[PDB]
């Protein structure tokens, strides 16, 4: 909707696992915009088509570009869901670059944060698989 999504994304960094702090800004996503997220385990965090394409069908390349660690139980997610923005909405965005590259990956992907993901994003099409 109209909350400070940049500040929400920033708040999840600087302690615990993700101790590095990225640069976060607010952008208005447009109705009909498409973003992507891992599945299962939908969260407030998404990425753009450019980031997905740069991974070349490799989950390790994708999650390293977003500096996301493998899930403690399930490991890296192997399925990607596309979502469609239902209405103009604020997202927090920037580059995932500030974590330790040895542990997290070199980063460089474009991230989005939307706390209102459950109500503002509609899944579109089937999930699709990505390789190792």
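Numbering follows the first chain given and starts at 1.
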query	finding
Mean C-alpha temperature factor, higher of 103-111 and 47-55	47-55
Mean Cα B-factor comparison, 120-128 or 20-28, giving the higher one as deposited	120-128
Residue, from 95, 73, 87, 77, that the PDB entry assigns the highest Cα B-factor	87
Residue 66 - Cα temperature factor, lowest/middle/highest third of chain	lowest
Cα B factor band for residue 35 (lowest, middle or highest third within the chain)	middle
